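Given next are the chains, with one letter for each unit.
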Amino acid sequence: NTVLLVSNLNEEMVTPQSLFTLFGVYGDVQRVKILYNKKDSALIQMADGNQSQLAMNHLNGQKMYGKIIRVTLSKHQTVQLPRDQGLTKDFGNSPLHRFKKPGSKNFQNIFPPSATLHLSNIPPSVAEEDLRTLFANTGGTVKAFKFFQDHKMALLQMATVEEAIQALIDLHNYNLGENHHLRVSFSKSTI
Ligand SMILES: [Cl-]
Ligand SMILES: [Zn+2]
Ligand SMILES: [Zn+2]
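Residues numbered from 1 in each chain as written, not as in the entry; some residues may be left out. Chains lettered and ligands numbered in written order. Heavy atoms only, no water. Residues with missing side-chain atoms left out of burial classes, pairs and counts.

As summarised from the PDB record, the model derives from X-ray crystallography at a stated resolution of 1.69 Å.

1. Re the domain arrangement of the chain
Our working definition: Domain segmentation is taken from an automatic or database assignment of domains. Every residue pair with non-hydrogen atoms within 4.5 Å of one another is taken to be in contact. When two components associate, each loses some accessible surface as probed by a 1.4 Å sphere; the sum of these losses over both components is called the buried area.
Entries for the chain in the domain assignment read domain 1 (1-77) and domain 2 (112-191). Taken over C-alpha atoms, the centre of domain 1 sits 23 Å from the centre of domain 2. If you look at the interface, domain 1 gives 12 residues, while domain 2 gives 10 residues. Taken over both partners, the interface formed by domain 1 and domain 2 buries close to 940 Å², and the fraction arising from carbon and sulfur atoms is 70%. Per-residue buried area on domain 1 facing domain 2 is highest for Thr21, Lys63 and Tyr65; these three make up 41% of the total on that side.

2. Topic: the pairing of strand β10 (residues 154-158)
What counts is decided by this rule: Relative accessibility under 20% of the residue-type maximum defines a buried residue, over 50% an exposed one, and the middle range a partly exposed one, all with a 1.4 Å probe and only protein chains included. Per the convention used, a helix needs a DSSP run of H or I reaching at least four residues, while a strand needs a run of E reaching at least two, with both numbered from the N terminus. Two strands form a pair only when DSSP identifies at least two bridges running between them.
Burial analysis of β10 places 4 of its 5 residues in the buried class, the great majority of the element. Two strands pair when backbone bridges link them, and strand β8 (residues 116-120) and β10 are joined in this way by 4 bridges, in the antiparallel orientation. Paired with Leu119 across the bridge in β10 is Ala154. Taken together, the 5 bridges between strand β9 (residues 142-147) and β10 define a ladder with antiparallel strand orientation.

3. Looking at helix α3 (residues 128-136)
Operational definition: Starting at the helix axis, one direction is taken to each C-beta atom, and the arc is that of these directions.
Restricting attention to buried positions, one finds in α3 the residues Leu131, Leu134 and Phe135. Looking straight down α3, one finds its buried side chains confined to an arc of 95°; they lie on one side. The elements touched by buried residues of α3 are β8, β9, β10, α4 (161-171), β11 (175-177) and β13 (183-186).

4. A look at the environment of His76
In this fold, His76 is placed in the loop between β6 (70-73) and β7 (88-90). Separated by 73 residues in the primary sequence, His76 and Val3 place their C-alpha atoms 6.3 Å from one another. The residues contacting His76, other than those within four sequence positions of it, are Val3 and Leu43.

Here it is as structure tokens:
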């Protein structure tokens, strides 16, 4: 039970990489396949069954590129790679897998989709106005913002959960300069 079926996707907007990013919040996505004969649906293979049931539980019914997605357990056992239009993607041993490290289930901010995002790996002389503008530019409005004591991390509250999902998809691993890539997670905290 490692393969999720995700339907009612936005056929025109969704990519494998956006599905990687979003489902990678809850597990390590091994492979994605958008279906050729039903491009609003896709198969997603997690590393294991706990990851699959977690992703299903938290993402089913959430709004992604404007549409309410449905996430169920697939009838498939694995997601087969092809011998094209890039509907398939292999993400084996991705450097972007959050749950590489032993015990990581507790240190990746595993929470339901939340209007407040948790930012980490921020480099110095990234200002607040800089992060507000970057997040606002994903099409949302930034309601609140708070640095933690070192400015390596921050909370940032978009107007809605929908807008936070969009931002997370867009800006996780964003290059903020120096050699710092931003990490965006959900949060149960509030500013
Ligand atoms: Cl299918
Ligand atoms: Zn099938
Ligand atoms: Zn640093």
